[PDB]
Amino acid sequence: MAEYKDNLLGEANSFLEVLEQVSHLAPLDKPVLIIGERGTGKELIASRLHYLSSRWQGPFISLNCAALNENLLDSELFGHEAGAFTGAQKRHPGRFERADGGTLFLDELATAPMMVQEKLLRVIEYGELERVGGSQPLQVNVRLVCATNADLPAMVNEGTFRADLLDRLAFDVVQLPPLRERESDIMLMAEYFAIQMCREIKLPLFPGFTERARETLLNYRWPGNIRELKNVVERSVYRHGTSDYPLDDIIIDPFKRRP
Amino acid sequence: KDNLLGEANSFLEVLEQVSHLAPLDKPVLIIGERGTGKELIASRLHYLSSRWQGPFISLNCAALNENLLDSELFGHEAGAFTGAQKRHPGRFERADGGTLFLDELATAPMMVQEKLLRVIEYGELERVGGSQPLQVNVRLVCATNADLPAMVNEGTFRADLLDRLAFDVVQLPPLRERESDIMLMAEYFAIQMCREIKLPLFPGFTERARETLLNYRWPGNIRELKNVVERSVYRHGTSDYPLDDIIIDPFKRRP
Amino acid sequence: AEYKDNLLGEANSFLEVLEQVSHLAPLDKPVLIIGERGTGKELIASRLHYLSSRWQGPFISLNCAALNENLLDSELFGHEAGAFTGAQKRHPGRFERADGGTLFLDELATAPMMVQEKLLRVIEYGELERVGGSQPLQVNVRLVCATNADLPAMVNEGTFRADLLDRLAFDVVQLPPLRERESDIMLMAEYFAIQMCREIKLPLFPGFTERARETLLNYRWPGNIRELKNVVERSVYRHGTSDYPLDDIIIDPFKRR
Amino acid sequence: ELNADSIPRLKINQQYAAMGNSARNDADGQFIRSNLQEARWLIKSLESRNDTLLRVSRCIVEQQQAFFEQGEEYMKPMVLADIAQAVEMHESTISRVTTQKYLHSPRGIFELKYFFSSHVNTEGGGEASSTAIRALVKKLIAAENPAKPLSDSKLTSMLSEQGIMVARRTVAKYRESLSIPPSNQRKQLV
Amino acid sequence: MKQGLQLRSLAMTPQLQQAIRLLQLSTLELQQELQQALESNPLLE
DNA sequence: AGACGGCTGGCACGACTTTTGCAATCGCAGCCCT
DNA sequence: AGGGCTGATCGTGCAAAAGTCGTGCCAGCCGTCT
Ligand SMILES: Nc1ncnc2c1ncn2[C@@H]1O[C@H](COP(=O)(O)OP(=O)(O)O)[C@@H](O)[C@H]1O
Ligand SMILES: Nc1ncnc2c1ncn2[C@@H]1O[C@H](COP(=O)(O)OP(=O)(O)O)[C@@H](O)[C@H]1O
Ligand SMILES: Nc1ncnc2c1ncn2[C@@H]1O[C@H](COP(=O)(O)OP(=O)(O)O)[C@@H](O)[C@H]1O
Ligand SMILES: [Mg+2]
Ligand SMILES: [Mg+2]
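Chains as they are written, first to last, in this note's numbering: chain A, 1 to 259; chain G, 1001 to 1255; chain W, 2001 to 2257; chain P, 3001 to 3190; chain R, 4001 to 4045.
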């Protein structure tokens, strides 16, 4: 069925169309990949697809790629336990093994080791089970999700990403409307975050928006799309002031030393 | 033991090589790019091998645990500092004449290389703290994406591996080379896709873009062919969806 | 409620910073700092935790430096059972340490970028990344940081990914330099003289010469508070110093003969 | 302080201990040794029970000193896993042997499980419990018109005013637990 | 850190387990049980 | 002279507890079974 | 004359299925003022 978007911080410009395309793509479980910028709704899109985890039993599995340290990461792929490692314990299967059928959210880190990604890809392509040992991989389907945070065919040229892994990945991409692109509900989602901030503050009432402030908001380079906008929103909210003035100063650059 | 035959005379000769080799258990290589389907052909040989009822199951060379390499082909018997259990042998020990396609051989450790170089020795399976080795006949087969001589000039794999290279590695024709049943392959792939797409049939169809796809990079013979097929189909998903203006450019900026 | 301990923060900007902290105290978001060296920052962080006055312990106190192997701070999100070798049951720790609390980020800049990414991944959603096969689990706790590291500099360096850097942007604090603070410095100097006279319970606070305080000013004073505390005991080290005022402050522990 | 007089003492018969080694019969010595081993195991079991009880009791009295001093109204949310984590108490032996322990203190006589109070929500990093809620609700119903007792909604308002935020559902449920007539049923002619 | 060799106990069940189960009981429950047990032993006081 | 209204307790689900039900293979070497 | 085979000893948990509370939630009901 359909679940209410707990957040729909969406862009009427084309993230409306982007969300529509996502909805159209949603029903199948084939390869799922996205694309976006530093902090550019991409987690929010992950939530979008997780709601689009159709029907029920959407097992949300997160693959925080730059995690897993160095060593046992290999096990985190496949599965620990038996008597294998320096310990012995019950079958904690690999993270992919732990979730059967689940949604496989890729963290778009781009792992340094192509072979480690390839080993995940071989398990990702199909699961034949590990009847020999939990050290191996098993017989599991899963919904899978990818996204982009960098230049894909460049890295293909840059040799950063293996072509075979790339060929299996990105069957259907999902690019994102940047802050330099989406720019749609800037004032709209701006006051949305403002109301959220007031309610969090249990605040009396929104003082408003300054025309100078709105002009700056239009002029903002917005180095971060989604959050950094909300970040500066929080910045001004904490900056705060009398209800007499609707908005005061610019919260775009909190880093700057306080006056 | 079959699939959507690429329907190629080259494919015919490659299948001929496979069939000629079919009874033989000689170790075998292959140099196939993604979408080649050499693995599928390899396993097709495995089922069609002389050991039809044989235990034939691969294990990605990239798989092994950093230290469990001995525990990779051999399997734990006694001690090993586990202090319990560790009485299970290796899947490679679990082979005995069967098949484990040496996929991912393009990247295994030189350490892994030499340990296998021992495995290339006839028989003599040693396990941890062992008494007597096991001379366990097992069918050997592999495929790679790159050039064995290229690695050799790099010295990437030890020439011991080249010795390990035993059966004539047939190679999949390139996409530009294959160019065999592109429309027909599209037809079968799209039959399957519309089955998955659950749409009735491709009322659009058309074939001008089929020839346009004949002018395509096709990096993956089946990796991209069907991949782009589904990409375009899903972008369409409509009955009247023809071979016109359907692009393979999921990375590229569409309009 | 619970009152934070006295700190000689006589700088007017320091009072302002205290006030900013006070406003932030009801708030609950990230709290970063410029980490002035020899400057007692996490004491202010404690005053914050104290200002929150949360029931139970929300004032976690752990740095990054001892997390030499990645595994250590990795185990700030600990291990559950049998991942690697289970040396003890429920290797989890330091995470529930502020069960309903906050985190003090010390030596944060030294942390691994992979470690940093893991931390940030924890930040928003809160998922429990426990090594070993299991399910995550959130907790309503916070975090806070204080480091001499220049954040714009590291962003240029890209030492940590920018996502986390912004994710931390909720409260900054540039502590004044030790060479920046002078009047508060002598104030805390007398304060530490008295505090030592108390804790050691020596009969008499000797005092210090005007020359004594002046020369201590002529001292490098790299740490306004950390160096001062060492100097306090350094003069307290002298025997019979308490009976009569003396300018005998032991700078170099290696200084001898 | 553990009730040492209420703590039994297991004594071994030393005369039998001196009358078995001299037994030239092996069967008597073996039976005596087995009996001694069993008795030692039993005495060690009782002593371990006593010692673990003392340690956990110290931990709880530290946790429930506010419950010990101010009372059940100021009874903090106390749990075994939290107490075990706080006092390094047994992870499972404690969960077993925790049954049936009673204490006499300034508050009165309290059970072992009576020391541990449930968990209730409190904003601003504060924390809340169950026995606290029961005593507070008793006071609030006491702080009602004799003709008209406090409503379960009124009790919820009082709890939220205290910062407990019990809400009307738990308010009515605990008033049922407190076993008192609420407003529309405790109503009496003035 | 990684995995290789190294690493290395156990508890008791039944008799030790029965002794432990005796302690989860009540105080006077333990006292009457102790009386009944001491009814047998010729080497205890 | 029937609806408001809070009672007020029945009903509910998970969330914290919890109680019981669980002992071995040693180790040789002599004795028993074959 | 050779194989089986034997246990004398081998002791602070847990885990597992179950239960049970917290809190909510809901449905009728009575005092009454309409
Ligand atoms: N409507 C919204 N609801 C919730 N969070 C929002 C909303 N709009 C923006 N955000 C915030 O903006 C950010 C979205 O970018 P995110 O996906 O976190 O970055 P990245 O693309 O680097 O993964 C998050 O911090 C998110 O909380
Ligand atoms: N004859 C064939 N019929 C149908 N599909 C094929 C055929 N050959 C290859 N494929 C496809 O190729 C994919 C396997 O990729 P593969 O070519 O094995 O990569 P690599 O050759 O690099 O190992 C499978 O999904 C399979 O559907
Ligand atoms: N008000 C105070 N009372 C006691 N000790 C203090 C106080 N302020 C600072 N210190 C001491 O100064 C030392 C270092 O302080 P600080 O400069 O904040 O550390 P850092 O070098 O990490 O900034 C700490 O060990 C602390 O004990
Ligand atoms: Mg392949
Ligand atoms: Mg410091």
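Note that the Cβ used here is the ideal one computed from N, Cα and C, for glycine as well.
- With the rule of 3 Cβ pairs closer than 8 Å, the region 218-238 of chain A does not count as touching the region 50-62 of chain A.
- Secondary structure at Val237(A): helix, using DSSP grouped into helix, strand and coil.
- Distance from the CA atom of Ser2134(W) to the CA atom of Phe3031(P), rounded to whole angstroms, is 50 Å.
- Cβ atoms of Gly3163(P) and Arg2054(W) stay farther apart than 8 Å, at about 13 Å.
- If you measure from each CB to the nearest heavy atom of ligand 4, the residues under 6 Å come out as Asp164(A) and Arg1034(G).
- In the displayed model, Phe255(A) falls within coil according to three-state DSSP, outside both helix and strand.
- In the structure shown, the three-state DSSP call for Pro1027(G) is coil.
- Contact annotation, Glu4033(R) with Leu4025(R): C-beta distance approximately 7 Å; criterion of less than 8 Å satisfied.
- A contact between stretches requires three or more CB pairs, one per stretch, nearer than 8 Å, and the region 2124-2144 of chain W meets this requirement with the region 63-83 of chain A.
- Between ligand 5 and the CB of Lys2229(W), the shortest heavy atom gap is not smaller than 7 Å.
- Cβ-Cβ separation between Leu2103(W) and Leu2164(W): approximately 13 Å, too far for a contact (criterion under 8 Å).
- Every alpha helix (DSSP H) stretch that sits fully inside the region 9-63 of chain A and reaches 4 residues is listed by chain position as 15-25 and 42-51.
- For the alpha helix (DSSP H) assignment, the uninterrupted runs of no fewer than 4 residues enclosed by the region 2098-2135 of chain W are, from N- to C-terminal side, 2113-2123.
- Chain order gives the chain R residues near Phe85(A) as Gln4003, where near means a beta carbon separation below 7 Å.
- Inter-segment contact for the region 1021-1034 of chain G and the region 1155-1170 of chain G is present: three or more beta-carbon pairs are separated by less than 8 Å.
- In the three-state reduction of the DSSP assignment, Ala1166(G) falls in the coil class.
- What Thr3122(P) touches in chain W, judged by beta-carbon distance under 9 Å, is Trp2055, going in chain order.
- Proximity of chain R to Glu1066(G) at the Cβ level (cut-off 8 Å) is accounted for by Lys4002 and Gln4003, in chain order.
- Rounded to whole angstroms, the gap between the alpha carbons of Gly1035(G) and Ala1008(G) is 15 Å.
- For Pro1242(G), DSSP records a beta bridge to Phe1205(G).
- In its chain, beyond the 5 residues on either side, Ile251 have a beta carbon closer than 6 Å to the beta carbon of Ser236(A).
- The beta carbon of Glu3091(P) falls within 8 Å of a beta carbon belonging to chain W, placing the residue at that interface.
- When DSSP reads this structure, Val2144(W) sits in a beta bridge with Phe2104(W).
- Boundaries cannot be given for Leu2178(W), as no alpha helix (DSSP H) includes it and DSSP labels it neither H nor E.
- Two segments are said to touch when three or more pairs of C-beta atoms, one from each, lie closer than 8 Å; by this definition the region 3153-3162 of chain P does not touch the region 4004-4018 of chain R.
- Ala2146(W) sits close to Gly2035(W), with the two beta carbons spaced by under 8 Å.
- Shown here, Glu3111(P) sits in a strand according to DSSP, grouped into three states.
- Cβ contact annotation for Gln139(A) (same chain, cutoff 7 Å, sequence separation greater than five): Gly127, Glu128 and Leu129, in chain order.
- Collapsing the DSSP output to three states places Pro93(A) in a strand.
- Partner residues in the beta bridge of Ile3012(P), as assigned by DSSP, are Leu4044(R).
- Rounded to the nearest angstrom, the gap between the Cα atoms of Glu3001(P) and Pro2203(W) is 39 Å.
- About 4 Å separates the CB atoms of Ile2225(W) and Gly2040(W); that is less than 8 Å, so the two are in contact.
- In this structure, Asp29(A) sits near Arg143(A), with a CB-CB distance shorter than 8 Å.
- Collapsing the DSSP output to three states places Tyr2003(W) in coil.
- Legend: CB atoms of the region 144-156 of chain A lying less than 9 Å from CB atoms of chain G belong to residues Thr148, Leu152, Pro153 and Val156.
- Counting only runs of 4 or more residues that sit fully inside the region 3058-3106 of chain P, the alpha helix (DSSP H) segments are 3065-3069, 3080-3087 and 3093-3097, in chain order.
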